[PDB]
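Structural features, examined
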Amino acid sequence: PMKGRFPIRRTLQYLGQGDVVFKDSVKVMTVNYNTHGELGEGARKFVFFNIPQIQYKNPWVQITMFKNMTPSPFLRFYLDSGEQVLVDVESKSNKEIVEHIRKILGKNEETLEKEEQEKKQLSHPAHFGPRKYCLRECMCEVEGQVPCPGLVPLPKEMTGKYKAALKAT
Amino acid sequence: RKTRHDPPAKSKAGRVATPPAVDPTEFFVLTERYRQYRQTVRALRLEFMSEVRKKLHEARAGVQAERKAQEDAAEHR
Amino acid sequence: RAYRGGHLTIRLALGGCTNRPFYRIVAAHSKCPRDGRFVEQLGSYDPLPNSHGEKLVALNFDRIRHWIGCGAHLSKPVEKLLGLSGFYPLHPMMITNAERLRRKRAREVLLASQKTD
Amino acid sequence: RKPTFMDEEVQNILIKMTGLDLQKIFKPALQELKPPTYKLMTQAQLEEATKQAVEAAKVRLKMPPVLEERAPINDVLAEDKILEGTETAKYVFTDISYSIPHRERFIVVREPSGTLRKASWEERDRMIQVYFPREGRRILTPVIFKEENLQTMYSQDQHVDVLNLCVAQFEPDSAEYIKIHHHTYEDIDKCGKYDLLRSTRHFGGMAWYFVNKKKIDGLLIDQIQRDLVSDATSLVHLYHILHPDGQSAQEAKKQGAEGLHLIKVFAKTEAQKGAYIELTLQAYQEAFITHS
Amino acid sequence: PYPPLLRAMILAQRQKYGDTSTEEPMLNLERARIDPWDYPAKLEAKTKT
Amino acid sequence: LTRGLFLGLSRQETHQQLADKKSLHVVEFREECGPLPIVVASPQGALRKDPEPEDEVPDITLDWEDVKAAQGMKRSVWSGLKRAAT
Amino acid sequence: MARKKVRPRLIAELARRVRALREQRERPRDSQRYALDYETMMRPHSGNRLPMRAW
Amino acid sequence: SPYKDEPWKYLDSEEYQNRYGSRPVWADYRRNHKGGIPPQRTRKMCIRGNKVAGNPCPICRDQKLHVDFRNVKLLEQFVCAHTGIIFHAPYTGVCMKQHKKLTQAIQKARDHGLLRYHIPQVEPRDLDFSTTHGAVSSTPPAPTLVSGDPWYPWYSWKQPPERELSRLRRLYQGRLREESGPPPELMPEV
RNA sequence: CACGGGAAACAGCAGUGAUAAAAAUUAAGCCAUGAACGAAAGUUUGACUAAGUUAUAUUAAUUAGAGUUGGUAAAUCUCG
RNA sequence: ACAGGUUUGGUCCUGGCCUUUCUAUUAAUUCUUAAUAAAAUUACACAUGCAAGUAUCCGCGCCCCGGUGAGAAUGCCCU
Ligand SMILES: [Mg+2]
Ligand SMILES: [Mg+2]
Ligand SMILES: [Mg+2]
Ligand SMILES: [Mg+2]
Ligand SMILES: [Mg+2]
Ligand SMILES: [Mg+2]
Ligand SMILES: [Mg+2]
Ligand SMILES: [Mg+2]
Ligand SMILES: [Mg+2]
Ligand SMILES: [Mg+2]
Ligand SMILES: [Mg+2]
Ligand SMILES: [Mg+2]
Ligand SMILES: [Mg+2]
Ligand SMILES: [Mg+2]
Ligand SMILES: [Mg+2]
Ligand SMILES: [Mg+2]
Ligand SMILES: [Mg+2]
Ligand SMILES: [Mg+2]
Ligand SMILES: [Mg+2]
Ligand SMILES: [Zn+2]
Ligand SMILES: [Zn+2]
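Residues numbered from 1 in each chain as written, not as in the entry; some residues may be left out. Chains lettered and ligands numbered in written order. Part of a larger assembly, values for the part shown. Heavy atoms only, no water.

Method of structure determination, per the deposited record: cryo-EM was used for this entry, reaching 3.4 Å resolution.

For chain C, the name recorded in the PDB entry is 28S ribosomal protein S16, mitochondrial, with Sus scrofa as its organism. This entry appears in the Protein Data Bank under the title "55S mammalian mitochondrial ribosome with ICT1 and P site tRNAMet". According to the UniProt record, the Sequence similarities (unreviewed entry) comment for chain C reads "Belongs to the bacterial ribosomal protein bS16 family." (UniProt positions renumbered as here; feature names shortened; annotations may be inferred.)

Per the PDB entry, chain A goes by the name Mitochondrial ribosomal protein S25 and belongs to Sus scrofa. Comment text from UniProt for chain A, heading Subcellular location (unreviewed entry), reads "Mitochondrion". Checking UniProt for chain A, the heading Sequence similarities (unreviewed entry) contains the comment "Belongs to the mitochondrion-specific ribosomal protein mS25 family."

**Thoughts on the protein's contact with RNA strand J**
Around RNA strand J, 40 residues are found, and the nearest of them are B:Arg1, B:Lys2, C:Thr18, G:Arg3 and G:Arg33. Take the atoms of RNA strand J that sit within 4 Å of the protein: sugar and phosphate atoms are 60% of them. Contact between RNA strand J and B:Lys12: a phosphate oxygen at 3.1 Å from a side-chain N or O atom of the residue. Between a base nitrogen of RNA strand J and a main-chain N or O atom of G:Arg49, the distance comes to 2.8 Å. (Near = heavy atom within 4 Å. Polar contact = N/O pair within 3.5 Å; in protein donor to acceptor, adjacent residues only side chain to side chain.)

**Re the sheet that holds strand β3 (residues 74-79) of chain A**
All names here are of chain A. Taken together, the four strands give an open sheet; going across it, the order is β2-β1-β3-β4, and neighbouring strands pair in mixed fashion. Looking along the sheet, the strands with just one partner apiece sit at the ends: β2 (62-67) and β4 (84-88). The average undirected angle you get between the axes of adjacent strands in this sheet is 15 degrees. Here strand β1 (residues 26-33) runs beside β2; their pairing, made up of six bridges, is parallel. Directly across from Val28, in β2, lies its bridge partner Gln62. (Pairing = 2+ DSSP bridges. Helix = DSSP H or I, 4+ residues; strand = E, 2+ residues; numbered from the N terminus. Axes fitted to C-alpha atoms, helices over the stretch in contact; angles between N-to-C directions.)

**Some words on unusual backbone geometry**
Phi angles above zero are rare outside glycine, and D:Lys214 is one such case at about 60 degrees. Note on placement: D:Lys214 falls in the loop between α8 (203-213) and α9 (217-225). Within the chain, G:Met41 stands out as a residue other than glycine whose phi angle is a positive 55 degrees. With respect to the helices and strands, the residue G:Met41 is situated in the segment after α2 (30-33).

**A short note on the UniProt feature "binding site: Zn(2+)" (unreviewed entry) in chain C**
When the UniProt feature table is mapped onto this chain, "binding site: Zn(2+)" (unreviewed entry) is found at C:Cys17. Position of C:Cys17 among the secondary structure elements: in the loop between β1 (8-14) and β2 (23-29).

**Quick look at the UniProt feature "domain: Ribosomal protein/NADH dehydrogenase" (unreviewed entry) in chain A**
UniProt records the feature "domain: Ribosomal protein/NADH dehydrogenase" (unreviewed entry) for residues 35-108 of chain A in the present numbering. Regarding residues 35-108 of chain A, the helix share stands at 38% and the strand share at 23%, and the terminal C-alpha atoms are separated by 33 Å.

**Structural notes on the pattern of salt bridges**
Under the definition given, this model contains 41 salt bridges over all chains. Salt-bridge contacts for D:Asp125 lead to D:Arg70; the nearest nitrogen and oxygen are separated by 2.9 Å. Placement of D:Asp125 in helix α4 (residues 121-131) and of D:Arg70 in the loop between α3 (43-60) and β2 (76-79) is noted, with a sequence separation of 55 residues between them. In this pair, the class of D:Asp125 matches that of D:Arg70, namely buried. A salt bridge links H:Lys64 to H:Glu15; its shortest N-O distance comes to 2.6 Å. (Salt bridge = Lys/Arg side-chain N within 4 Å of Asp/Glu carboxyl O. Buried < 20%, exposed > 50% of the residue type's maximum accessible area, 1.4 Å probe, protein only.)

What follows is the structure, encoded as structure tokens:
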């Protein structure tokens, strides 16, 4: 787009390139940050940039931002078990915040790979049906098998009218 | 087809089903083969029920499942 | 859709083309239409012979045995196919049909011999 | 303890033997093309990009495993005399499951005679392609693999395409795979066309086929005429490895030759065109020292 | 005896883990006993346990 | 249209001038040639060893037209028609 | 399902009570229910004919 | 067409060089239509019997251009040298009949190695090659298989007892049929 | 809604009136699928299958007619 | 949209309408054979035929299939 300070962050590619996936126990991320002082430049840049990337890959996690109540910027992760994860961000940078969050509460590369390997199993290559869920519609189009009657007409010996005609006489 | 509230046809109201021809020597061996086949398929059904039980138990409280349930808890702390 | 009852049945759904049948071996509810909603697809069945001349049939034995242990009923042609595959014992209907065919060949050769002299 | 194609002592020689040619590995093919990307780098970043390209070329040069001919499948599971003529065609049954390898699938065929046998290799491979299609494979036998079209494509020096198509289509332990690869390897040393596979991923296979078939006369002279002596000493080392008991191998041990002299003992003892090999080595010797 | 393909399934299953025992696998019929069609059924309500 | 087309075509920047003005190598990355570092122009003169500031988030002037084209939202029937050759 | 504008249907539930009462009050006694005409093998109550193998 | 056997002879001839030269046969052809945007579907077939329908097609106005798999020079003009895709009918200008024939000929010449195309590097199908599994190796035969006995004892036809036959015949009176003994083992032909 | 009140029900397959610019056979079977029943041989299924009719649409050909010719936009000579 | 026609003595800008592309119905003209897919005006009323049977009685199923889009902003996805 054109409107906005950074039009790039409002694109599907930017939202998809941010790889931060929370665990199933993660429910709430409450970020508290200030709008003044040189200490909180990293927290402000984190709120400006990385919140959309985290939100895109965690749609069910509620993220709430708060401004100018606590003098120290921090994050509070509310889990399913009730444990509150307190993350102090005073001089951390924008990339350091993301790396710290992924370290403390996130999903490993192998964990993501096993989920996607399970997901690709649902679509099965040998199944038949519509093009949305299956690769083949009718089994005629397979090379070695009988062609589709709407493309190559079948011989008179395989048509049902000739079989009825021969039985009639 | 037909529904519960529609009356039957007149030509079939005065009609009863007629059983077909019966061959005794074929029918007896056919029935003993039915019983011998049904006992085998029943045993296979029991075998499949047992294997499903084993797989579901190993998926819920399996030796591999408990290992994950413990290592995740350790890494969390 | 909502049903009052019924049972899970592994059957054949005729999804194909005119004068060119093709069955999908699928596990579906008993009260649903033949080509309607199903639970999970298992395999394929090809009624016509291909160029090489084999009748090609697919079975997903693992899911089939899983569902049958779960309580899936079976249809008669599915039983014939499974018995031919070797996963299940041969259906007696095939045996009695083979014996009937044997008797038809015997009477055919008898009449052919008697009509020639 | 027979040496194997996947052994380290063979693979380390074969990698250096093939060599690295980026302009050939990363070549513009005939696929759909997109506008390029431009970014500005320093000298160190350019060198890092080049070494990353080399590491990618390693994966591009990943060698295909060459295997022996597989044993034909001939076994009967059951025999039902009742089904002698109830069916005209035969029923082929495939076991389909994503969690099982394709080497463990049960492909069982009921003959019209009434027996249940295991499907042979050509039927099994065809059924795997039918129910698990991968790009580059054809269910039916392609016409291109015939001896007329194969010669036609050879005349247009497309042996790299021949080898890639054969690898994609056939299974390395099948019969036609080995037959066609031996046919291309006999054409390549009949015509001296080793240039096509100089830097591809199929050079090691051809070299390992020649060390098996004792056909080195053309390869050695080609490597010498291409000013490659590190690619000749390693080749004769492969020959000695795979033929330990031989007059060429034992003479090297008894004499203690250097890399340059390892070729002379081979070309005197067991080489067939020894005169040409010696003449080529003499021509290289009288020129390399004088020019450099 | 098991059906041919199913029996071969177990013969391949244990061979992968390395069971060298070549014993012939049987299928039990102890719990496969069924009543004939002439056996009448009960008409009382079934108690869910 | 002609005046603007000629002005824009004349105000182009050659890879050689880009390399001259930024003292860095211009490397082309073809999609077909994989990760191969194809070099198109060399920065003749003093080659700076200091690398360019890598922007984690680029501040570029994007356009909703090309964003729609990239996201596949161009459902107009006038975009993917078959037309005559050059 | 559950909406804000769900109408409180009362006749549909009153019909349930009416049919429940009529099921017990007008319960067909098994005597006339299983009565049988021995000439036509025709059940006077339900309206079904007997199978021919039971003739 | 005088050749009738060797299509590339015309392409190598001089009457092709003086007429078309180094340019493709469809370079000078311009399609007439109703607006500025041509229809997505070109003419179906322009040569109906002996009549030519108005302005003919680039390969199709001259009878010395034979569409075939042997003349790679003619087929190369309709295949892009860079992208390797077949140009469509609105791109070239031929009637749809010659377009389908061109596509079929291009594919059939590709399947013979005369016309080049992309050959990607495809990994082997199997990660691990193991023939020792029971799927491809022989299995130990069954005791009933080695003896010649069917798989299950009830597969064969056994003669029913006379008492049970009489019991069946008593209950199924009026519905009786002719008896049949053991069936023949082998089916004779016609 | 369906106790009850209007009131005698094709929003099943075919077909008939009115209406509308809108026009398929008042035909054959369960041989093969799905469903129901019966322990079962087996029965039924206007679902379904095999068909009849329709340029509504794609393909092969046994076939040649329609539109247009001022610009957009390919293409006109002579008459009133 | 790769656009084009169209305001004015005339130019530029703004701005609407139309044309060029694809699909579905009806109408007109014409029309030869096959294959495949689909048959689409009506929740207006129906003459007539068939569409729920099975079975040693009990029982089981009897808008299940199939038909339609009137009402509902109804609803999609998820515990
Ligand atoms: Mg149909
Ligand atoms: Mg009844
Ligand atoms: Mg109502
Ligand atoms: Mg009505
Ligand atoms: Mg009704
Ligand atoms: Mg009707
Ligand atoms: Mg009417
Ligand atoms: Mg109509
Ligand atoms: Mg009419
Ligand atoms: Mg009419
Ligand atoms: Mg009928
Ligand atoms: Mg049926
Ligand atoms: Mg039946
Ligand atoms: Mg049409
Ligand atoms: Mg005039
Ligand atoms: Mg004005
Ligand atoms: Mg009409
Ligand atoms: Mg419906
Ligand atoms: Mg309303
Ligand atoms: Zn089809
Ligand atoms: Zn033409």
